[PDB]
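Remarks on the structure that follows.
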Amino acid sequence: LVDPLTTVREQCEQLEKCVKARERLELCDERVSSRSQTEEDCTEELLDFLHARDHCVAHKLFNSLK
Amino acid sequence: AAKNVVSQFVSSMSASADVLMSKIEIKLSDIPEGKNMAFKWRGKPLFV
Amino acid sequence: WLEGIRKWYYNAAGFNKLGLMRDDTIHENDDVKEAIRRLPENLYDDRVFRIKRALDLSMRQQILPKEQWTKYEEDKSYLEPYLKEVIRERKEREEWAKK
Amino acid sequence: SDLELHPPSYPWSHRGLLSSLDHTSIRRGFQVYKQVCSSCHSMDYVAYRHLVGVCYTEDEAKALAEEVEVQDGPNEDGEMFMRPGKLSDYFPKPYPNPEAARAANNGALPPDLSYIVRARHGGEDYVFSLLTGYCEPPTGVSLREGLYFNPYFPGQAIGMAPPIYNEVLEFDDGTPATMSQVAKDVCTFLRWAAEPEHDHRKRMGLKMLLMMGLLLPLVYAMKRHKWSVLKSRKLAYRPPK
Amino acid sequence: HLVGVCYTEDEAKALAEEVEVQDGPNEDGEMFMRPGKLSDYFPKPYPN
Amino acid sequence: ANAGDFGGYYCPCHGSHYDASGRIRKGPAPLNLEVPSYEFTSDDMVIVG
Amino acid sequence: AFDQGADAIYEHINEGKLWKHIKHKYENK
Amino acid sequence: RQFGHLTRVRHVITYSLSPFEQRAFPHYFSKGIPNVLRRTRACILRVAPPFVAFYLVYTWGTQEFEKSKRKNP
Amino acid sequence: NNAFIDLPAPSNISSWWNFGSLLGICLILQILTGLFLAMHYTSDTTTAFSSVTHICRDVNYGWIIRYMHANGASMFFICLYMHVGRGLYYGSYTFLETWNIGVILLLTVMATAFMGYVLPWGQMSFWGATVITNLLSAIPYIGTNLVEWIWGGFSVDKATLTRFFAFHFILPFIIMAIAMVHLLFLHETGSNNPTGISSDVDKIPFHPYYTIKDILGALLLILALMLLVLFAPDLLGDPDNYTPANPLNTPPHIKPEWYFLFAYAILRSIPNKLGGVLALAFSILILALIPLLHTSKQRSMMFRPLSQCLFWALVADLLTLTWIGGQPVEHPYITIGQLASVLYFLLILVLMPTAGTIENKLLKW
Ligand SMILES: CCCCCCCC/C=C/CCCCCCCC(=O)OC[C@H](COP(=O)(O)OCCN)OC(=O)CCCCCCC/C=C/CCCCCCCC
Ligand code: HEC
Ligand code: HEM
Ligand code: HEM
Ligand SMILES: C/C=C(C)/C=C/C=C/[C@H](OC)[C@@H](C)[C@@H](OC)[C@@H](C)CCc1oc2c(O)c(OC)cc(OC)c2c(=O)c1C
Ligand SMILES: CCCCCCO[C@@H]1O[C@H](CO)[C@@H](O)[C@H](O)[C@H]1O
Ligand SMILES: CCCCCCO[C@@H]1O[C@H](CO)[C@@H](O)[C@H](O)[C@H]1O
Ligand SMILES: CCCCCCO[C@@H]1O[C@H](CO)[C@@H](O)[C@H](O)[C@H]1O
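Protein chains in written order, with PDB author numbering: chain A, 13 to 78; chain B, 50 to 69, 71 to 98; chain C, 12 to 110; chain D, 1 to 241; chain E, 50 to 97; chain F, 148 to 196; chain G, 34 to 62; chain H, 2 to 74; chain I, 15 to 379.
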């Protein structure tokens, strides 16, 4: 059983806005994880990414749902 | 007469007998370091 | 030129577009009501008509053709001499009241 | 954290001005509440009779009520007793009180859902995003035990573990129970639960618009009719020279 | 209510304490018994 | 609790910030949060009142 | 006529979504 | 205050037509729009500036608030 | 007749003069819907919130009556602010008695709406009740005593809710009587008009001219109200009040009803308790000072361009305050709010009177 949400999310993550957001996120991960002591986390980068992606998902997903 | 009647009516709006101060016992072991615990006490939040 | 700005203000104020004269727009307090009562018949009847015409235009949300707008250079105070005297008389009475 | 992530806008079939709720969707959403949400969340203001004529027939709703046991009484001996539920009964509460609820949920309190959709900015867009939005914590984030990272929840740390997933339940109509499908139906049901007057108000809205569409131009014509006498009046000043 | 009418406050406290009244829920969501206190009403001989 | 600029408390109604001692640090509140009478007893118990 | 006409419009706009539209699937008295 | 005792008016003539003899929307659009345009122009310099200022403070403020919450404003 | 039908009315009053009759209609609609709600509402803190949900869920048409009452309160305030704005712009406040009774009407409607909002006993109800009654604590020496007296205890509780239902119930009727006096005083002078010039030379009968304009205005009010009730009943409300009162927790983004946001922004702008309460009270009572600050030789702002600009600055400033009140107490909102709050009093107390004098000089009087 495949949730269309998975499919739609993959297609949406292809958009430039999401790829760009994903890249800033991966950068953050690298930066943060490379430390032992830091108050920084990547919530901001993740939210930016989710915002771009979920805006796209919202435009398509319901076309796959009953 | 006026002074008594008026004050009796004004008095009726003040806290009634049932509203007027039991102490409260709290178990410190149940409160982990860094935690703010709230309890209702004497009709208000009590923070421990 | 204070006068430059005055003529600009006069037109911006715009009561002239309703054909009104400055004195036609004064807030009527008791001094003013007495001054109006003292106006000679023709000046009084003229004031009444300019106000009636202005209220009528206002009601229609219209203004007069520009050629009929009161002109800054022609607007003179027809009320001043009557109102000044009414105010001087009242000031006099107040002085006596204070005594 | 203090950052906020607002839910996007989903194209709910009841989103439009004159758009009613999808009642088959409400029906499935109820099944989700019944099989999943009800073990932790109460729905204090909804009773079985409320489902009649909305998503279940009277007989079906009666059978649903009978699936549970509710306390009743006292009986002749002054005893409380258990009996099968009936239409007049409200949905059973998973816990006797909020303290028990917190104790059974690592200190967190599952709110009552009767109004959740109206009690949260975002409404169903928020509930849907929350339900389908769990993910792993971003690098640098560590949540205390019992908390889960959900980017849509304020502060991003929620005490409810992901409650739905593929095949979390089987729908009565064969509809593939993917997580997103389950979220969409439960959200539709929650909207109905928070606003049962939803469809009726929009139907009245239609009639109101139609009536105003008639009455406004008519009254305006009456206004213009009466006022025409003043609008075209002409004045002349004829003082004796 | 007995205080200042037929018993002193301390006597009335002692009287209240002669009974066990249900209270709660506690942290675990359970009801519990405790000694009565001035604010408690006279215990009912029957639940209903 | 744990909000505001002093890690103490933050009152959302009008923005009063208190520190972890309940003392008013910023905003319109005029006084530190009230400290009641209390006594620590046996075990891990405190009696307030 | 107004009520019937309006309801018809409403029911048409919401074709297949209302209880009256799916009711047959669960009844059979 | 009643008609007959309002004030003194002399030498004014008023002419009116029954509403049944006239159109209720004479030149509604042909003269209406132009007048609405005149009236709009006559006030916009007085009404609009403050709201544009509000609009400016609002966008600046909102954006300034958003920038201040992130890592690299 | 000579009370209504043959009432002499200026021939040129505009749409801005419709708000008085709209306020009357708002009052009547609130009273009627309110009465029907009172027939099903119970004020015990254990049943208040539940009784409201019962009205909305099981009382026939209870939901429509409830949302009409709620949105009616919003329509009431929109009309109130328009009504006051009209009076300020046209110099209507020179009818001193009518204006001062008006100021009392404003405070009474605010108190009434506040109390009604407490009745459902949601989170905003509880904290609204807590904060607003506590404004009295800023009074030296007796403040705290007054608060506890109002509350009927040491905190907002059962006694508070029950008496607020009784106050909410009777105040609208008192408001109606006061509104009647508001009208009696107005009939002595008749209405002001857009030009601010006496209209005794051009009066027309109230009927049919304004009776028909009033009906039209009423239709548009009903339209606005029903569009909210039938298409967006919660648009102007706060989701937080759908959560029962919790005395141990104040929602983190709590905010006042939209029509109170500007005053709230003002109080919140001052980092001093007494200072904020004084400015909140003054933000409303300054209305009673407007007549005394009138320096212009002309009554209405129609012929005063400088005054108009300032008037609109004031409206935009109230919009700014309304917006700020809806935002968190964080930068840069704190500063915008303090500036907007200063501007408010500056415009009314200094700039407008000054503009009045400057216009007088430009006209040589
Ligand atoms: C609408 C106006 C509202 C203003 C208030 C109205 C008050 C009316 C004036 C009363 C005149 C009638 C005389 C009554 C004599 C009563 C004797 C009295 O006051 O005894 C005191 C006693 C309390 O004693 P203690 O608790 O033991 O201790 C006191 C020390 N703290 O109080 C009483 O007995 C209460 C008396 C109740 C009076 C009845 C109320 C009448 C109100 C009417 C309002 C309308 C107007 C009528 C016109 C007035 C004509 C005289
Ligand atoms: C117990 C195992 C749960 C099940 C099953 C479901 N939920 Fe839940 N939910 C639970 C808890 C303990 C909490 C509190 C979270 C916190 O940290 O405060 C929640 C919360 C919600 C919320 C509210 C979130 C908010 O904004 O406050 C919603 C809307 C919610 N839960 C929905 C929901 C639904 C529809 C469920 C079935 C699909 C569901 N929950 C199941 C615990 C549990
Ligand atoms: C319950 C609220 C109120 C009611 C029902 C009410 C009703 C009315 C009515 C019916 C009129 C005549 C019609 C009109 O000119 O609009 C009027 C006029 C007036 N009202 Fe109010 N009013 C209320 C509140 C207020 C407030 C709060 C103020 C100002 C602080 C006020 C000031 C005035 C003034 C000055 C006039 C005359 C305006 C003019 O002639 O230009 N009113 N009101
Ligand atoms: C000036 C007129 C009035 C105003 C401005 C007003 C306003 C309000 C407001 C803002 C609420 C909260 C509504 C909500 O969000 O739920 C409310 C509630 C209520 N009002 Fe009024 N009201 C008025 C008159 C009345 C009258 C006369 C009655 C009763 C005789 C009344 C009875 C109620 C009741 C029972 C509630 C609680 C139910 C509810 O919340 O809807 N009100 N009112
Ligand atoms: C027994 C009757 C009593 C005591 C009545 C007294 C009424 C007093 C005034 O009316 C005259 C008052 C309503 C009026 O002040 C001018 C308002 C504009 C006050 C506005 C106001 O609202 C708030 C509010 O609604 C809230 O809700 C969630 C929360 C609030 O902060 C957290 C506020 C608040 O901080 C202010 C200033
Ligand atoms: C609100 C801005 C006020 C500026 C003062 C206006 O000043 C006026 O402007 C007119 C048109 O530009 C000129 O024709 C006129 O000579 C000048 O005095
Ligand atoms: C509404 C207020 C009416 C004022 C009427 C003033 O009336 C004036 O008072 C003077 C006193 O100094 C008299 O000398 C003068 O003859 C008289 O017409
Ligand atoms: C008629 C103009 C309405 C402006 C739309 C937004 O309106 C706002 O929505 C918020 C939540 O969404 C509410 O908390 C707030 O009270 C309300 O004024």
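For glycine and all other residues, C-beta sits at the position ideal for the given N, C-alpha and C.
{"Item": "Below 8 Å, how does it come out for the region 92 to 100 of chain I and the region 29 to 42 of chain I: are there three or more Cβ pairs, yes or no?", "Value": "yes"}
{"Item": "Starting from the Cα of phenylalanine 109 of chain I, find the closest Cα among I:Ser64, I:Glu162 and I:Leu198 and give me that residue.", "Value": "I:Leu198"}
{"Item": "Count the other CB atoms within 10 Å of the CB of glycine 151 of chain F; is the residue buried (16 or more) or exposed (fewer)?", "Value": "buried"}
{"Item": "Taking 8 Å as the cut-off, does the region 46 to 61 of chain G touch the region 34 to 54 of chain C (at least 3 CB pairs, one atom from each stretch)?", "Value": "no"}
{"Item": "State the CB to CB distance for the pair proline 11 of chain D and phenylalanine 74 of chain A, rounded to an integer number of angstroms; the pair is presumed to be in contact (CB under 8 Å).", "Value": "5 Å"}
{"Item": "Around the Cβ of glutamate 69 of chain E, are there at least 16 other Cβ atoms within 10 angstroms (buried) or fewer (exposed)?", "Value": "exposed"}
{"Item": "Please tell me whether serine 65 of chain I and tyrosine 55 of chain I are closer than 7 Å, where the distance is taken between their beta carbons.", "Value": "yes"}
{"Item": "Where does residue 11 of chain C fall in DSSP's three states?", "Value": "The first residue shown for chain C is 12 and the last is 110, placing residue 11 of chain C beyond what the model contains."}
{"Item": "Could you check which residue in I:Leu175, I:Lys311 and I:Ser283 has the C-alpha nearest to that of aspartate 42 of chain C?", "Value": "I:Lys311"}
{"Item": "Can you give me the start and stop residues for the beta strand (DSSP E) that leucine 96 of chain B sits inside?", "Value": "94 to 97"}
{"Item": "Please list, following the chain, all residues that have a C-beta closer than 6 Å to any non-hydrogen atom of ligand 6.", "Value": "C:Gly15, C:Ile16 and C:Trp19"}
{"Item": "For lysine 172 of chain I, I'd like the list of residues in its chain whose CB is within less than 6 Å of its CB, leaving aside the five on either flank, ordered along the chain.", "Value": "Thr59"}
{"Item": "Less than 7 Å between the C-beta atoms of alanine 23 of chain C and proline 319 of chain I, yes or no?", "Value": "yes"}
{"Item": "Our contact map puts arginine 17 of chain C next to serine 88 of chain C with C-beta atoms below 8 Å; I'd like the distance itself, whole angstroms only.", "Value": "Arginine 17 of chain C to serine 88 of chain C, Cβ: 14 Å. No contact."}
{"Item": "In whole angstroms, what is the alpha-carbon distance linking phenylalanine 35 of chain G and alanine 238 of chain I?", "Value": "22 Å"}
{"Item": "Taking one C-beta from the region 49 to 61 of chain A and one from the region 15 to 22 of chain I each time, how about it: are there three or more such pairs within less than 8 Å?", "Value": "no"}
{"Item": "Taking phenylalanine 153 of chain D as the reference, which of D:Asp125, D:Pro196 and D:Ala103 has the closest Cα?", "Value": "D:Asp125"}
{"Item": "Measure how close the beta-carbons of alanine 64 of chain B and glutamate 162 of chain I come, nearest whole angstrom, since I'm counting them as under 8 Å.", "Value": "7 Å"}
{"Item": "Is the Cβ-Cβ distance between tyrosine 104 of chain I and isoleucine 304 of chain I less than 7 Å?", "Value": "no"}
{"Item": "Would you be able to state if there are at least three C-beta pairs under 8 Å between the region 68 to 82 of chain I and the region 240 to 256 of chain I?", "Value": "yes"}
{"Item": "Going by CA-CA distance only, name the one from I:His182, I:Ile280 and I:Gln322 that's closest to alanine 295 of chain I.", "Value": "I:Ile280"}
{"Item": "Could you tell me which uninterrupted alpha helix (DSSP H) segments, each at least 4 residues in length, are contained entirely in the region 20 to 87 of chain I, listed from first to last along the chain?", "Value": "33 to 52 and 62 to 71"}
{"Item": "Starting from the Cα of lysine 72 of chain H, find the closest Cα among A:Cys54, A:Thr19, A:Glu25 and A:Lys72 and give me that residue.", "Value": "A:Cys54"}
{"Item": "Please name the residues in the region 188 to 219 of chain I whose beta-carbon is closer than 8 Å to at least one beta-carbon of chain C, in chain order.", "Value": "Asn207, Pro208, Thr209, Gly210, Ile211, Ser212, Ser213, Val215 and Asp216"}
{"Item": "Are residue 384 of chain I and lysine 217 of chain I touching if we call contact CB-CB under 7 Å?", "Value": "Outside the displayed range of chain I (15 to 379) lies residue 384 of chain I, so it cannot be described from this structure."}
{"Item": "So, are the CB atoms of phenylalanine 181 of chain I and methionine 240 of chain I less than 7 Å apart?", "Value": "no"}
{"Item": "Which residues, taken in chain order from the region 104 to 130 of chain I, show a beta carbon closer than 7 Å to some beta carbon of chain H?", "Value": "none"}
{"Item": "Run the CB neighbour count on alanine 65 of chain E, radius 10 Å, all protein chains shown included, and call it buried at 16 or more, exposed below.", "Value": "buried"}
{"Item": "Can the beta-carbon of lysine 78 of chain A be found less than 7 Å from the beta-carbon of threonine 175 of chain D?", "Value": "yes"}
{"Item": "Please report the Cβ distance between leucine 113 of chain D and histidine 41 of chain D, rounded to the nearest whole angstrom; I am assuming they are in contact, meaning their Cβ atoms lie under 8 Å.", "Value": "5 Å"}
{"Item": "Taking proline 208 of chain I and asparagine 26 of chain I to be in contact with their CB atoms under 8 Å, please state how far apart those CB atoms are, rounded to whole angstroms.", "Value": "6 Å"}
{"Item": "In whole angstroms, what is the alpha-carbon distance linking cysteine 44 of chain H and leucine 51 of chain I?", "Value": "45 Å"}
{"Item": "Is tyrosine 237 of chain D close to chain H? Criterion is C-beta to C-beta, closer than 7 Å.", "Value": "yes"}
{"Item": "Does ligand 8 have a heavy atom nearer than 6 Å to the CB of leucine 242 of chain I?", "Value": "no"}
{"Item": "Tell me, please, which residues DSSP counts as bridged to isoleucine 14 of chain H.", "Value": "D:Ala236"}
{"Item": "Say yes only if the C-beta of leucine 13 of chain C is nearer than 6 Å to one or more non-hydrogen atoms of ligand 8, and no if none qualify.", "Value": "no"}
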